[PDB]
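What follows is the content of input-v8.txt (compact mmCIF, C-alpha atoms and all ligand atoms).
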```txt
# COMPACT_ATOMS: atom_id res chain seq x y z
CA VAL A 21 -123.77 75.54 0.47
CA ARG A 22 -123.87 75.87 -3.34
CA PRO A 23 -126.51 75.09 -6.03
CA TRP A 24 -123.91 73.10 -7.93
CA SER A 25 -121.83 70.08 -7.01
CA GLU A 26 -118.08 70.69 -6.77
CA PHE A 27 -115.00 68.50 -6.89
CA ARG A 28 -111.42 69.65 -6.42
CA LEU A 29 -108.62 67.59 -7.92
CA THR A 30 -105.57 66.95 -5.83
CA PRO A 31 -102.37 68.00 -7.58
CA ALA A 32 -101.53 64.32 -8.21
CA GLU A 33 -104.97 63.58 -9.64
CA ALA A 34 -104.81 66.68 -11.85
CA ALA A 35 -101.37 65.70 -13.12
CA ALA A 36 -102.61 62.17 -13.88
CA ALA A 37 -105.61 63.49 -15.84
CA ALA A 38 -103.37 65.93 -17.77
CA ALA A 39 -100.93 63.13 -18.60
CA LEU A 40 -103.77 61.00 -19.94
CA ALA A 41 -105.01 63.88 -22.11
CA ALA A 42 -101.45 64.47 -23.32
CA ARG A 43 -101.08 60.82 -24.32
CA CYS A 44 -104.36 61.00 -26.25
CA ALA A 45 -103.16 64.14 -28.03
CA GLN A 46 -100.04 62.21 -29.09
CA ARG A 47 -102.01 59.18 -30.31
CA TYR A 48 -104.97 60.73 -32.19
CA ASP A 49 -104.97 63.42 -34.91
CA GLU A 50 -107.95 65.46 -33.64
CA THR A 51 -110.57 65.45 -30.88
CA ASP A 52 -113.43 65.45 -33.33
CA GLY A 53 -112.13 62.68 -35.52
CA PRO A 54 -114.25 59.57 -35.67
CA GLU A 55 -111.58 57.51 -33.90
CA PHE A 56 -111.26 59.63 -30.79
CA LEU A 57 -115.01 60.24 -30.61
CA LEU A 58 -115.50 56.46 -30.31
CA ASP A 59 -112.52 55.80 -28.03
CA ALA A 60 -112.75 58.71 -25.55
CA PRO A 61 -115.49 57.19 -23.35
CA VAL A 62 -113.40 54.04 -22.81
CA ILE A 63 -110.12 55.92 -22.37
CA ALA A 64 -111.92 58.04 -19.77
CA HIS A 65 -112.15 54.88 -17.62
CA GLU A 66 -108.41 55.45 -16.92
CA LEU A 67 -109.02 58.86 -15.25
CA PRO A 68 -108.45 59.14 -11.49
CA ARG A 69 -110.91 56.93 -9.63
CA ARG A 70 -112.07 59.57 -7.17
CA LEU A 71 -113.04 61.79 -10.12
CA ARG A 72 -114.87 58.91 -11.84
CA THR A 73 -116.78 58.26 -8.61
CA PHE A 74 -117.74 61.94 -8.35
CA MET A 75 -118.95 62.10 -11.94
CA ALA A 76 -120.96 58.86 -11.68
CA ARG A 77 -122.64 59.89 -8.43
CA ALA A 78 -123.12 63.61 -8.93
CA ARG A 79 -124.91 63.03 -12.28
CA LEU A 80 -127.51 60.95 -10.44
CA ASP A 81 -128.17 63.53 -7.73
CA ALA A 82 -131.57 65.25 -7.92
CA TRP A 83 -130.46 68.81 -7.14
CA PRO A 84 -127.32 70.26 -8.79
CA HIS A 85 -127.48 72.86 -11.56
CA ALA A 86 -123.94 71.93 -12.64
CA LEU A 87 -121.03 69.62 -11.85
CA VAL A 88 -117.88 71.64 -11.35
CA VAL A 89 -114.33 70.23 -11.36
CA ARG A 90 -111.60 72.56 -10.08
CA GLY A 91 -107.85 72.34 -10.23
CA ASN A 92 -106.61 71.40 -13.69
CA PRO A 93 -103.25 73.10 -14.30
CA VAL A 94 -102.96 75.45 -17.23
CA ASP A 95 -99.64 77.14 -18.05
CA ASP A 96 -100.28 80.44 -19.87
CA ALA A 97 -96.84 80.36 -21.58
CA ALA A 98 -97.55 76.91 -23.03
CA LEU A 99 -101.12 77.81 -23.88
CA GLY A 100 -100.17 80.87 -25.95
CA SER A 101 -102.26 83.92 -26.79
CA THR A 102 -106.06 83.86 -26.97
CA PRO A 103 -107.10 83.46 -30.60
CA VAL A 104 -108.78 86.35 -32.40
CA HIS A 105 -111.56 84.13 -33.81
CA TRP A 106 -112.89 80.60 -33.20
CA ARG A 107 -111.73 79.56 -36.70
CA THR A 108 -108.06 79.73 -35.72
CA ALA A 109 -108.58 78.62 -32.14
CA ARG A 110 -107.35 75.02 -32.39
CA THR A 111 -103.90 76.05 -31.28
CA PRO A 112 -101.25 73.56 -30.25
CA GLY A 113 -101.13 74.97 -26.72
CA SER A 114 -104.86 74.36 -26.25
CA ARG A 115 -104.90 70.90 -27.80
CA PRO A 116 -104.22 68.80 -24.69
CA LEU A 117 -106.93 70.71 -22.79
CA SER A 118 -109.42 70.03 -25.59
CA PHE A 119 -108.66 66.30 -25.24
CA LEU A 120 -109.06 66.63 -21.47
CA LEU A 121 -112.52 68.21 -21.87
CA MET A 122 -113.56 65.40 -24.22
CA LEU A 123 -112.41 62.75 -21.72
CA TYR A 124 -114.34 64.33 -18.82
CA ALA A 125 -117.36 64.70 -21.09
CA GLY A 126 -117.23 61.01 -22.02
CA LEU A 127 -117.96 60.14 -18.40
CA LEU A 128 -121.29 61.99 -18.72
CA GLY A 129 -122.65 61.05 -22.15
CA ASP A 130 -122.37 61.24 -25.92
CA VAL A 131 -120.75 64.38 -27.34
CA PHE A 132 -122.01 66.07 -30.46
CA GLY A 133 -121.93 69.30 -32.46
CA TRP A 134 -124.17 71.23 -34.83
CA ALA A 135 -123.66 71.57 -38.58
CA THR A 136 -124.72 75.18 -38.25
CA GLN A 137 -122.31 76.19 -35.41
CA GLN A 138 -118.51 76.73 -35.66
CA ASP A 139 -118.21 74.53 -38.76
CA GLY A 140 -119.73 71.50 -37.04
CA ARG A 141 -116.96 71.22 -34.49
CA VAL A 142 -117.64 69.12 -31.44
CA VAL A 143 -115.17 71.00 -29.22
CA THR A 144 -116.04 74.65 -29.75
CA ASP A 145 -114.53 77.95 -28.50
CA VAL A 146 -115.86 80.81 -26.39
CA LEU A 147 -113.75 83.98 -26.73
CA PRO A 148 -114.48 87.65 -27.49
CA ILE A 149 -114.44 88.54 -31.15
CA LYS A 150 -113.53 92.14 -32.04
CA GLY A 151 -116.58 93.87 -33.56
CA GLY A 152 -118.87 91.30 -31.94
CA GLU A 153 -119.16 92.87 -28.48
CA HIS A 154 -122.90 93.57 -28.61
CA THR A 155 -124.16 90.38 -30.24
CA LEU A 156 -126.36 87.63 -28.78
CA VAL A 157 -123.72 84.91 -29.13
CA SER A 158 -120.98 83.63 -26.83
CA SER A 159 -118.27 85.73 -28.53
CA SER A 160 -119.96 88.86 -27.13
CA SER A 161 -118.40 90.78 -24.26
CA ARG A 162 -119.63 94.31 -23.57
CA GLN A 163 -123.24 93.13 -23.79
CA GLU A 164 -124.22 90.51 -21.22
CA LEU A 165 -125.03 87.09 -22.67
CA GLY A 166 -128.62 86.73 -21.46
CA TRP A 167 -129.69 83.55 -19.73
CA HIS A 168 -130.76 80.68 -21.97
CA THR A 169 -131.27 76.99 -22.29
CA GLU A 170 -128.59 75.97 -24.77
CA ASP A 171 -130.25 75.38 -28.18
CA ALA A 172 -133.68 75.91 -26.66
CA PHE A 173 -135.23 75.89 -30.16
CA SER A 174 -134.33 72.23 -30.74
CA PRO A 175 -135.69 68.95 -29.38
CA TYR A 176 -132.11 67.66 -29.79
CA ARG A 177 -130.50 70.18 -27.46
CA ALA A 178 -127.81 69.01 -25.04
CA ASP A 179 -128.46 67.47 -21.67
CA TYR A 180 -125.17 68.95 -20.39
CA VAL A 181 -123.01 71.76 -21.66
CA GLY A 182 -119.35 71.45 -20.70
CA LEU A 183 -117.11 74.50 -20.30
CA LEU A 184 -113.35 74.39 -19.64
CA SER A 185 -111.74 77.69 -18.68
CA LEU A 186 -108.41 78.08 -20.42
CA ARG A 187 -108.01 81.59 -19.03
CA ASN A 188 -110.16 84.09 -17.26
CA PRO A 189 -107.75 86.62 -15.77
CA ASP A 190 -110.36 89.15 -14.68
CA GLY A 191 -112.74 86.62 -13.18
CA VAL A 192 -115.76 87.12 -15.45
CA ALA A 193 -118.80 85.18 -14.13
CA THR A 194 -120.97 82.65 -15.90
CA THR A 195 -124.57 83.12 -14.74
CA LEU A 196 -126.99 80.34 -13.77
CA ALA A 197 -130.57 79.93 -12.56
CA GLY A 198 -132.86 77.02 -11.91
CA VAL A 199 -136.67 76.86 -12.07
CA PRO A 200 -137.99 79.39 -9.49
CA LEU A 201 -140.24 76.82 -7.85
CA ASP A 202 -140.38 78.64 -4.52
CA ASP A 203 -142.17 81.55 -6.23
CA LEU A 204 -144.22 80.15 -9.16
CA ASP A 205 -147.93 79.92 -8.25
CA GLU A 206 -149.84 76.84 -9.41
CA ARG A 207 -151.82 78.57 -12.11
CA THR A 208 -148.62 80.05 -13.64
CA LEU A 209 -146.88 76.69 -13.36
CA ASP A 210 -149.80 74.98 -15.10
CA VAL A 211 -149.62 77.41 -18.03
CA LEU A 212 -145.83 76.98 -18.39
CA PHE A 213 -146.41 73.19 -18.72
CA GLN A 214 -148.73 73.76 -21.71
CA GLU A 215 -147.66 74.01 -25.35
CA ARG A 216 -148.26 77.74 -25.61
CA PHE A 217 -144.78 79.20 -26.28
CA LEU A 218 -142.47 79.89 -29.19
CA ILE A 219 -138.69 79.52 -29.13
CA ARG A 220 -136.51 80.24 -32.12
CA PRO A 221 -132.91 79.35 -32.86
CA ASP A 222 -130.35 81.72 -31.42
CA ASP A 223 -127.97 83.72 -33.56
CA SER A 224 -125.10 81.21 -33.30
CA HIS A 225 -126.95 79.12 -35.91
CA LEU A 226 -126.99 81.92 -38.50
CA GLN A 227 -124.91 81.63 -41.67
CA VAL A 228 -123.18 84.91 -40.76
CA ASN A 229 -121.59 83.20 -37.74
CA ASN A 230 -120.05 80.27 -39.63
CA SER A 231 -117.31 80.10 -42.28
CA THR A 232 -117.79 80.25 -46.06
CA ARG A 237 -125.07 73.87 -46.24
CA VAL A 238 -128.45 72.14 -46.15
CA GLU A 239 -128.82 72.18 -42.35
CA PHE A 240 -129.30 75.97 -42.38
CA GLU A 241 -132.67 75.25 -44.03
CA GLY A 242 -133.92 73.67 -40.80
CA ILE A 243 -132.79 76.67 -38.78
CA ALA A 244 -134.71 78.92 -41.16
CA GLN A 245 -137.82 76.75 -40.71
CA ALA A 246 -137.46 76.89 -36.90
CA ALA A 247 -137.10 80.70 -36.98
CA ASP A 248 -139.87 81.44 -39.50
CA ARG A 249 -142.41 78.88 -38.34
CA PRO A 250 -141.79 77.85 -34.73
CA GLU A 251 -144.27 75.26 -33.36
CA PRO A 252 -145.74 75.91 -29.91
CA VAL A 253 -143.96 74.09 -27.17
CA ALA A 254 -144.01 74.03 -23.37
CA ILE A 255 -141.42 75.77 -21.21
CA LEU A 256 -141.70 73.24 -18.36
CA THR A 257 -141.85 69.46 -18.66
CA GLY A 258 -141.72 66.42 -16.39
CA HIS A 259 -142.33 66.41 -12.67
CA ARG A 260 -144.23 69.42 -11.32
CA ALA A 261 -142.11 69.26 -8.16
CA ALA A 262 -138.84 69.26 -10.22
CA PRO A 263 -139.54 70.46 -13.73
CA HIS A 264 -137.23 70.53 -16.66
CA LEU A 265 -136.79 73.88 -18.29
CA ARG A 266 -136.68 75.06 -21.93
CA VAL A 267 -136.50 78.83 -22.37
CA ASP A 268 -134.50 81.66 -23.85
CA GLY A 269 -134.67 84.99 -22.07
CA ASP A 270 -134.25 86.96 -25.28
CA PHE A 271 -136.14 84.80 -27.74
CA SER A 272 -138.96 83.01 -25.91
CA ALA A 273 -142.33 84.44 -26.80
CA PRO A 274 -145.92 83.51 -26.19
CA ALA A 275 -147.97 81.82 -28.90
CA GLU A 276 -149.67 84.48 -31.03
CA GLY A 277 -152.12 86.59 -28.97
CA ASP A 278 -152.07 84.15 -26.01
CA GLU A 279 -152.10 86.68 -23.17
CA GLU A 280 -152.22 84.07 -20.35
CA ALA A 281 -149.12 82.39 -21.74
CA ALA A 282 -147.57 85.85 -22.07
CA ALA A 283 -148.28 86.62 -18.38
CA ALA A 284 -146.71 83.32 -17.31
CA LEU A 285 -143.60 83.94 -19.40
CA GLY A 286 -143.32 87.52 -18.08
CA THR A 287 -143.54 86.24 -14.53
CA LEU A 288 -140.94 83.56 -15.27
CA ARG A 289 -138.56 86.19 -16.71
CA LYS A 290 -138.86 88.30 -13.55
CA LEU A 291 -138.35 85.37 -11.26
CA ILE A 292 -135.33 84.02 -13.14
CA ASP A 293 -133.79 87.51 -13.27
CA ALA A 294 -134.26 87.77 -9.50
CA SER A 295 -132.65 84.40 -8.82
CA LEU A 296 -129.77 84.45 -11.28
CA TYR A 297 -126.42 83.80 -9.59
CA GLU A 298 -122.73 83.72 -10.54
CA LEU A 299 -120.21 80.93 -11.05
CA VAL A 300 -116.66 82.09 -11.85
CA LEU A 301 -114.70 79.57 -13.86
CA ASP A 302 -111.10 80.29 -13.02
CA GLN A 303 -108.32 79.03 -15.18
CA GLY A 304 -108.42 75.22 -15.21
CA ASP A 305 -111.99 74.90 -13.92
CA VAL A 306 -114.49 72.78 -15.78
CA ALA A 307 -118.28 73.00 -15.42
CA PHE A 308 -120.95 70.70 -16.81
CA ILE A 309 -124.17 72.67 -16.71
CA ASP A 310 -127.38 70.65 -16.51
CA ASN A 311 -129.25 72.10 -19.48
CA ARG A 312 -132.56 70.66 -18.33
CA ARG A 313 -132.41 72.07 -14.82
CA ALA A 314 -130.77 75.43 -15.38
CA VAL A 315 -130.43 78.33 -17.76
CA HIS A 316 -127.04 79.97 -18.15
CA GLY A 317 -125.42 83.11 -19.49
CA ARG A 318 -122.34 85.29 -18.97
CA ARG A 319 -121.84 88.71 -17.41
CA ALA A 320 -120.91 91.76 -19.44
CA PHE A 321 -117.16 92.45 -19.50
CA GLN A 322 -114.76 94.80 -21.19
CA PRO A 323 -112.68 92.77 -23.65
CA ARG A 324 -108.92 93.23 -23.68
CA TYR A 325 -107.90 92.25 -27.22
CA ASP A 326 -104.27 92.06 -26.03
CA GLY A 327 -103.78 88.29 -26.31
CA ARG A 328 -104.96 87.44 -22.80
CA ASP A 329 -108.78 87.51 -23.12
CA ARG A 330 -111.05 85.03 -21.40
CA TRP A 331 -111.20 81.80 -23.37
CA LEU A 332 -113.24 78.63 -22.83
CA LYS A 333 -113.52 75.34 -24.67
CA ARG A 334 -117.09 74.06 -24.88
CA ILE A 335 -118.86 70.79 -25.66
CA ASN A 336 -122.48 69.60 -25.99
CA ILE A 337 -123.35 66.27 -24.32
CA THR A 338 -126.49 64.12 -24.66
CA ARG A 339 -127.41 61.10 -22.59
CA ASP A 340 -128.68 59.41 -25.76
CA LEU A 341 -127.39 60.18 -29.23
CA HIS A 342 -130.23 58.08 -30.71
CA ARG A 343 -132.78 60.63 -29.57
CA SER A 344 -131.50 62.94 -32.31
CA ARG A 345 -131.40 60.26 -35.08
CA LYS A 346 -133.64 62.37 -37.33
CA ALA A 347 -131.18 65.22 -37.14
CA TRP A 348 -128.12 63.14 -37.78
CA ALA A 349 -126.56 65.20 -40.52
CA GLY A 350 -124.74 62.46 -42.45
CA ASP A 351 -123.27 61.48 -39.20
CA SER A 352 -124.51 61.03 -35.67
CA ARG A 353 -122.10 63.53 -34.09
CA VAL A 354 -122.98 66.61 -36.14
CA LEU A 355 -126.65 67.53 -36.02
CA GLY A 356 -128.99 69.37 -38.30
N1 LIG A 401 -128.29 85.07 -26.25
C1 LIG A 401 -129.28 84.21 -26.13
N2 LIG A 401 -130.31 84.64 -25.41
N3 LIG A 401 -129.25 82.97 -26.65
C2 LIG A 401 -128.19 82.38 -27.50
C3 LIG A 401 -126.72 82.21 -27.02
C4 LIG A 401 -126.07 80.80 -27.12
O1 LIG A 401 -125.16 80.63 -26.03
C5 LIG A 401 -125.28 80.40 -28.41
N4 LIG A 401 -125.16 78.94 -28.49
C6 LIG A 401 -123.86 80.95 -28.51
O2 LIG A 401 -122.85 80.23 -28.33
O3 LIG A 401 -123.74 82.10 -28.88
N1 LIG A 402 -111.61 53.93 -33.07
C1 LIG A 402 -110.38 53.67 -33.49
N2 LIG A 402 -110.18 53.27 -34.74
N3 LIG A 402 -109.35 53.82 -32.66
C2 LIG A 402 -107.95 53.62 -33.03
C3 LIG A 402 -107.38 54.83 -33.74
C4 LIG A 402 -105.86 54.86 -33.70
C5 LIG A 402 -105.29 55.75 -32.59
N4 LIG A 402 -104.06 56.43 -33.07
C6 LIG A 402 -105.00 54.91 -31.35
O1 LIG A 402 -104.10 55.22 -30.57
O2 LIG A 402 -105.66 53.90 -31.09
FE FE A 403 -124.83 78.97 -23.59
```
Mind turning this structure into structure tokens?
Amino acid sequence: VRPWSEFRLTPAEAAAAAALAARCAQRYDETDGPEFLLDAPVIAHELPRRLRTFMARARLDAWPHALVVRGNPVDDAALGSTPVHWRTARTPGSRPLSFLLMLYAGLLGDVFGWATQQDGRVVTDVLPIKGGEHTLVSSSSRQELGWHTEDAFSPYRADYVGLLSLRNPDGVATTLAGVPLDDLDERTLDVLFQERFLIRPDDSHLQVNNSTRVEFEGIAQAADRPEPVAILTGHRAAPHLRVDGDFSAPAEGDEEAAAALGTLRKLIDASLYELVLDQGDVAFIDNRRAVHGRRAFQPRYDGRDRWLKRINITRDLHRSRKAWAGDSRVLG
């Protein structure tokens, strides 16, 4: 038994999916281009039927923290070395796999990026950056990436975060936890449902973590003057979750809120579990049901470091209309 839902491709299914992604990579200039963004969800209809059935059904299940698809082939020789920075990470060897991620994602929802993260790319990169080992972003290594709701600070945060493992030779675990409903007392639960918490943008939205405009103003506003929000929403018997283990704080001087958040931190720490994304595995983490992070690891810096492609997915792009930054697919 697992807290996520898992699908394993047969070799024939995996080869068919790879061939579809390869054909897309031949026919379109880039994954993030307007043309492929529009076409991917319809092209995805040509993926193996058993996979389409899994994605359609598993998304509607009440319980999973993630949907995990195993068994996509990745040839390290074709892939080439792990890039030294996300800027240079759109390598030809990784290009078909980026298209593949986009196709799988298009079965689940509308993909988007952030003006203030990796130059507004929709398909982004997770890899260790030398000098960045002890940061709070996904290019860390030696310091554990603490558990978080992705883009907790924002009302426009993803419903699902997709991760495709290009390589992970040493088996470094992603971490996950759901709401600790078996342990939260009613009074604590009640407080977590009230708008008594602060949650600021994480460091990935800082200018220092993009390349050499206006959307950074909103990040500054969210950091300097966060509005109180709830941590839990929806059904008390199955809440949705919005929290950042580093950055969540109580509203100013609200000691009851503080106690509830402290209790939540302890209970999530105690229930955190591991999911290892081996080479070729894809996970779609349910960003309303679960927090996620990544274990500490010693980076290699020898060309074979752990490397993921990543994508944000919303069920409804129109929900973020306000934040459409001169187009609907890059937000700020
Ligand atoms: N480290 C914490 N607690 N939160 C922010 C980390 C996020 O995963 C961020 N989007 C990143 O990619 O670095
Ligand atoms: N949304 C679009 N305009 N799609 C068509 C773009 C052309 C692309 N090379 C193709 O194979 O179709
Ligand atoms: Fe994350």
Closest contacts (region 237-356 of chain A/region 170-184 of chain A, max 6 Å, only C-alpha atoms) as a tab-separated table:
```
residue	atom	partner	partner_atom	distance
A:266	CA	A:172	CA	5.7
A:267	CA	A:172	CA	5.9
A:305	CA	A:184	CA	5.9
A:306	CA	A:184	CA	4.3
A:307	CA	A:183	CA	5.2
A:308	CA	A:182	CA	4.3
A:309	CA	A:181	CA	5.2
A:310	CA	A:180	CA	4.8
A:311	CA	A:179	CA	5.2
A:332	CA	A:184	CA	5.3
A:333	CA	A:184	CA	5.1
A:334	CA	A:183	CA	4.6
A:335	CA	A:182	CA	5.0
A:336	CA	A:181	CA	4.9
A:337	CA	A:180	CA	5.1
A:338	CA	A:179	CA	4.9
A:344	CA	A:176	CA	5.4
```
Check your understanding: Using only C-alpha atoms, can you list as JSON, numbers by chain the residues within 8 Å of (-146.6, 83.8, -22.6)?
Key -> {"A": [216, 217, 273, 274, 275, 278, 279, 280, 281, 282, 283, 284, 285, 286]}
Practice item. Using only C-alpha atoms and all ligand atoms, find each residue with an atom at most 9 Å away from ligand FE 403 (chain A) and format the answer as a ChimeraX atom specification. Key: /A:157-158,165-171,181,315-318
How about saving the chosen residues, C-alpha atoms kept, as a PDB file, in the coordinates of the input?
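Saved to selection.pdb:
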```pdb
ATOM      1  CA  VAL A 157    -123.720  84.910 -29.130  1.00  0.00           C
ATOM      2  CA  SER A 158    -120.980  83.630 -26.830  1.00  0.00           C
ATOM      3  CA  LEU A 165    -125.030  87.090 -22.670  1.00  0.00           C
ATOM      4  CA  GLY A 166    -128.620  86.730 -21.460  1.00  0.00           C
ATOM      5  CA  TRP A 167    -129.690  83.550 -19.730  1.00  0.00           C
ATOM      6  CA  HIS A 168    -130.760  80.680 -21.970  1.00  0.00           C
ATOM      7  CA  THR A 169    -131.270  76.990 -22.290  1.00  0.00           C
ATOM      8  CA  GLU A 170    -128.590  75.970 -24.770  1.00  0.00           C
ATOM      9  CA  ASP A 171    -130.250  75.380 -28.180  1.00  0.00           C
ATOM     10  CA  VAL A 181    -123.010  71.760 -21.660  1.00  0.00           C
ATOM     11  CA  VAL A 315    -130.430  78.330 -17.760  1.00  0.00           C
ATOM     12  CA  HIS A 316    -127.040  79.970 -18.150  1.00  0.00           C
ATOM     13  CA  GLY A 317    -125.420  83.110 -19.490  1.00  0.00           C
ATOM     14  CA  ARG A 318    -122.340  85.290 -18.970  1.00  0.00           C
TER      15      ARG A 318
END
```
Review point. Given a cut-off of 12 Å, what residues near ligand LIG 402 (chain A) show up using all atoms listed in the file, put as a PyMOL selection string?
Key: chain A and resi 43-63
Exercise for review: Give the answer as one residue: which of A:72, A:85, A:90, A:115 has the shortest atom-to-atom distance to residue 199 (chain A), using all atoms listed in the file?
Suggested key: A:85
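When CA of residue 36 (chain A) is paired with CA of residue 88 (chain A), their separation reads 18.1 Å.
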Review point. CA of residue 127 (chain A) and CA of residue 347 (chain A) are how many Å apart?
Key: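 Here the two named atoms are 23.5 Å from each other.
From CA of residue 164 (chain A) back to CA of residue 215 (chain A), the distance works out to 29.0 Å.
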Review point. Which polymer residues have any atom within 12 Å of an atom of residue 249 (chain A), counting all atoms listed in the file, with same-chain residues fewer than 5 positions away left out, as a list in words?
Key: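 My list of contacting residues is residues 173, 218, 219, 220, 221, 241, 242, 243, 244, 275 and 276 of chain A.
The closest residue to ligand LIG 401 (chain A), picked from A:149, A:253, A:300, A:80 and counting only C-alpha atoms and all ligand atoms, is A:149.
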Check your understanding: With only C-alpha atoms as the basis for distance, which of A:321, A:348, A:24, A:271 is at the shortest distance from residue 84 (chain A)?
Key -> A:24
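In this comparison, which uses all atoms listed in the file, the residue of A:22, A:150, A:353, A:225 approaching ligand LIG 401 (chain A) most closely is A:225.
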Point to revise | Best match for closeness to residue 261 (chain A) among A:82, A:146, A:135, A:247, counting all atoms listed in the file | key: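 Counting all atoms listed in the file, the residue closest to residue 261 (chain A) is A:82.
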Review point. Which is closer to ligand LIG 401 (chain A) than all the others in A:291, A:299, A:256, A:226, using all atoms listed in the file?
Key: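 Nearest candidate to ligand LIG 401 (chain A) out of A:291, A:299, A:256, A:226: A:226.
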Exercise for review: Mind listing whatever residues come within 7 Å of the point (-108.8, 84.3, -23.2)? Use only C-alpha atoms, file coordinates, and give them as an MDAnalysis selection string.
Suggested key: chainID A and resid 102 147 186:188 328:331
Point to revise | Selection near residue 346 (chain A), 10 Å with only C-alpha atoms, sequence-local residues under 5 positions removed, as a ChimeraX atom specification | key: /A:176,352,355-356
Mind giving me the axis-aligned box for ligand LIG 401 (chain A) with 8 Å on every side, centre plus edges in Å to one decimal, as JSON?
```
{"center_x": -126.6, "center_y": 82.0, "center_z": -27.1, "size_x": 23.5, "size_y": 22.1, "size_z": 19.5}
```
Only N, CA and C atoms, please: region 324-339 of chain A from the block, as a short mmCIF file (atom, residue, chain, number, x, y, z; two decimals), in the first residue's frame.
```
data_model
loop_
_atom_site.label_atom_id
_atom_site.label_comp_id
_atom_site.auth_asym_id
_atom_site.auth_seq_id
_atom_site.Cartn_x
_atom_site.Cartn_y
_atom_site.Cartn_z
N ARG A 324 27.64 15.85 -6.75
CA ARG A 324 28.80 15.26 -7.40
C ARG A 324 29.63 16.31 -8.14
N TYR A 325 28.96 17.09 -8.98
CA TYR A 325 29.56 18.07 -9.85
C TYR A 325 30.53 17.46 -10.85
N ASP A 326 30.23 16.23 -11.28
CA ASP A 326 31.08 15.49 -12.22
C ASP A 326 30.38 15.21 -13.55
N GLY A 327 29.24 15.86 -13.78
CA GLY A 327 28.45 15.65 -14.98
C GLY A 327 27.31 14.66 -14.87
N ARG A 328 27.22 13.95 -13.76
CA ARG A 328 26.16 12.98 -13.56
C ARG A 328 25.28 13.27 -12.33
N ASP A 329 25.15 14.54 -11.92
CA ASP A 329 24.21 14.86 -10.85
C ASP A 329 22.75 14.61 -11.22
N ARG A 330 21.98 14.35 -10.17
CA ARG A 330 20.53 14.31 -10.19
C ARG A 330 19.96 15.51 -10.94
N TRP A 331 18.98 15.25 -11.79
CA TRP A 331 18.45 16.26 -12.68
C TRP A 331 17.00 15.88 -12.97
N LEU A 332 16.10 16.81 -12.67
CA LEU A 332 14.68 16.71 -12.98
C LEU A 332 14.23 17.83 -13.89
N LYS A 333 13.23 17.55 -14.71
CA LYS A 333 12.44 18.60 -15.38
C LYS A 333 11.16 18.75 -14.56
N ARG A 334 10.65 19.98 -14.52
CA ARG A 334 9.52 20.31 -13.65
C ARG A 334 8.52 21.20 -14.36
N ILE A 335 7.25 21.06 -14.00
CA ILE A 335 6.19 21.85 -14.62
C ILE A 335 5.06 22.08 -13.60
N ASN A 336 4.54 23.31 -13.61
CA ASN A 336 3.36 23.69 -12.83
C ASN A 336 2.10 23.52 -13.68
N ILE A 337 1.07 22.97 -13.05
CA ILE A 337 -0.21 22.64 -13.73
C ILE A 337 -1.36 23.18 -12.90
N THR A 338 -2.30 23.89 -13.54
CA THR A 338 -3.53 24.31 -12.88
C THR A 338 -4.70 23.66 -13.58
N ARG A 339 -5.74 23.34 -12.82
CA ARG A 339 -6.99 22.90 -13.42
C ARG A 339 -7.72 23.99 -14.17
#
```
